[PDB]
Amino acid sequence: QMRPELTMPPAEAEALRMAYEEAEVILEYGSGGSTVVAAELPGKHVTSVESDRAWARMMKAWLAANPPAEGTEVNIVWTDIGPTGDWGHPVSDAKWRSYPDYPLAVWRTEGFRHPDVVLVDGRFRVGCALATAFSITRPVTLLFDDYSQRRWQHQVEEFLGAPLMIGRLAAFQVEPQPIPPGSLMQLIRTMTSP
């Protein structure tokens, strides 16, 4: 039947489901099983940023074959960061000048709808988290897949606050805020590290 699977364990999946149920507008970085969870709920607006062109094509084919629930719209947005390999990572740094497109372009989309919940489950994860923090105009829930207190990952807490962990899934209550100019170098690093 070729259905995209949710690759998170049960407690984490339930947390995601619950977030998606409370949300009207959902923004994801990285498409798959979670996208299906959203598609199946009525009355949602879903945007899913995806770097793997062939996977995006598959997701679009699946959604054509299995249309979303009533009043739900799902937009899979292939976002070009160059050729990608077996597991969705860029083959090389060929398209480094386009890297910031992945965390940031969606925030300037035509007919932008403010998310209620943002799932960070793709590439440039810390970058996507900081892009959300700096781009929102009202508070959101951010879910960060496979979050740990690894130093790279943890740098988000300055901007995202402390998370509540459900297994390895981090939930943050993210509030709008300015970009600190002293943080620009750090910021750039995050939006160019796949």
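For every residue, the number given is its place in the sequence shown, counted from 1.
Averaged over their C-alpha atoms, the temperature factors of 154 to 162 and 125 to 133 are higher for 154 to 162. Relative to one another, 145 to 153 and 39 to 47 have unequal mean CA B-factors, and 145 to 153 is the one with the higher figure. Out of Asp93, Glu110, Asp116, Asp101, the entry records its largest CA B-factor for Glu110. Ranked against the other modelled residues of its chain, the C-alpha B-factor of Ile179 as given in the entry falls in the highest third.
When all modelled residues of the chain are sorted by CA temperature factor, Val25 is found within the lowest third. For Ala69, the recorded CA B-factor ranks within the highest third of the chain. Only modelled residues enter the ranking.
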